[PDB]
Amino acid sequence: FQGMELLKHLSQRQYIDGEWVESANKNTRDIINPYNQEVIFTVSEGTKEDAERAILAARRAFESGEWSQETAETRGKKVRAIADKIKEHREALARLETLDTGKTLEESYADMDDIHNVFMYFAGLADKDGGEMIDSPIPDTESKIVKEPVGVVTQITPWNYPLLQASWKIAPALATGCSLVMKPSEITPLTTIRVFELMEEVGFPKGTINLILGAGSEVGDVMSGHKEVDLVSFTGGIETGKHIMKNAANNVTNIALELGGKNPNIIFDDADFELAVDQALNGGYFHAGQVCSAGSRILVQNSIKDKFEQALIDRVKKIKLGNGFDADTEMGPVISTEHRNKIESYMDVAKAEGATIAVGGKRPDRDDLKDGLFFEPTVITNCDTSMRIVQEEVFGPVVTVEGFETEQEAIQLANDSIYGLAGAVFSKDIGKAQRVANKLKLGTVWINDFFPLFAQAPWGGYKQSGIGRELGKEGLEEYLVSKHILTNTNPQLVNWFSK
């Protein structure tokens, strides 16, 4: 099959306490290629005991200090060498990801560029701020705040952008001096396995980094609830996130949650019309709409609603579907039969509550798409804010279209959801765009663009799209804890109690 050579030397095992090792029970898992449903690889399926052992090794390593007591400058140099290795093997990593997740090759190349930059950013931030000096309000005292690594941290990622979500958590952890245990989505472990071999070549002490492979239903709880864990950085669906928070509570453990969204793409009548159409398509269908920042909820002003529906619909009929390795492919398949069915059930929900499937809504007929997990890019019209298809995250190549009369009605509709991750506003009137952006309860607002995000700036949600932040200085602040040391430079007896 295609991509076969990339897998010839990849590890099938987990990585615990400095060694590549199997599952405690030698159980394994088959890895699927959503383009043809062929098994392409077989990796270990760790037990909860393996996860426990990894966590304990992380703690043991953290306490020894080899990495936590290493200078911030040096840690930065090592995070920077990881970055150099991403770029060195950019070609192989990009394919590996396309093969595992199904997105076009061009999309996977874009990630290796971001990933390189993500580690590169944190490598440079490592030695830039160790805390602060406070002007004490008590005479003859010195007051200071030192920032230390939180300790041991568990990192859990989703299947849509595996190595990308991994790097967002890995970079700051290592930059701060923490020891980490990571578990990628059970269905997309390929690139995460590669990066560990890469980090291993860079050289880290035994137990600083550990990789667990397995179902979240079996090892997850261990990772969110073990008492030696100080931080749990999770990226995934909301329900799994609530589970995690409640279990983390058993030992009052900090969390950082990066959940889903119902991201609005607000289009005013004075917008660059062809740009708005270009970006609606992009927002709704890159990686088959399996993107947490996908613009699945299009809000379009009534004056141009009709025209907008026609243009969008006509462009969607031309979207090329195929293998990610094919140069023509604009949109790939969805990740699994489970996920595909999930999306299919949403078409029945929509139809049954009053919405119109304007186009798509089914599997591709074609002779060259029948064997893959493809689903037609779709547009839903005649829907409103009370419908489940509009309120809930479908996480597929689906978008809804709602109209608004005014600027107030646009904000009202965009903020009318449990989520608050990201969104955009298209308009040539920047004063109006800036007004709107200020009233939107979103972690990230794009004015006349859709998708841009980078290490220099924090990413995360308002409301139920999350807790905490990733990337930028705040992304780093998650892996740090503050200690206030107050010295009394002229101690004196208080003499409150009798003598």
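We number the residues from 1 along the sequence you see.
Between the stretches 146-154 and 351-359, it is 351-359 that shows the larger average CA temperature factor. The stretch with the higher mean CA B factor, choosing between 404-412 and 119-127, is 404-412.
In the PDB entry, the Cα temperature factor peaks, among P458, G468, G431, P452, at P452.
Of the candidates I134, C178, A94, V79, the PDB record gives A94 the highest C-alpha temperature factor. Among all modelled residues in this chain, the alpha-carbon of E19 has a temperature factor (C-alpha) in the highest third. Among the modelled residues of its chain, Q69 has a C-alpha B-factor that falls in the highest third, as given in the PDB entry. Ranked by Cα temperature factor within the chain, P333 sits in the highest third according to the deposited record. Among the modelled residues of its chain, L493 has a C-alpha B-factor that falls in the middle third according to the deposited record. Split the chain's modelled residues into thirds by C-alpha temperature factor. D140 is in the lowest one.
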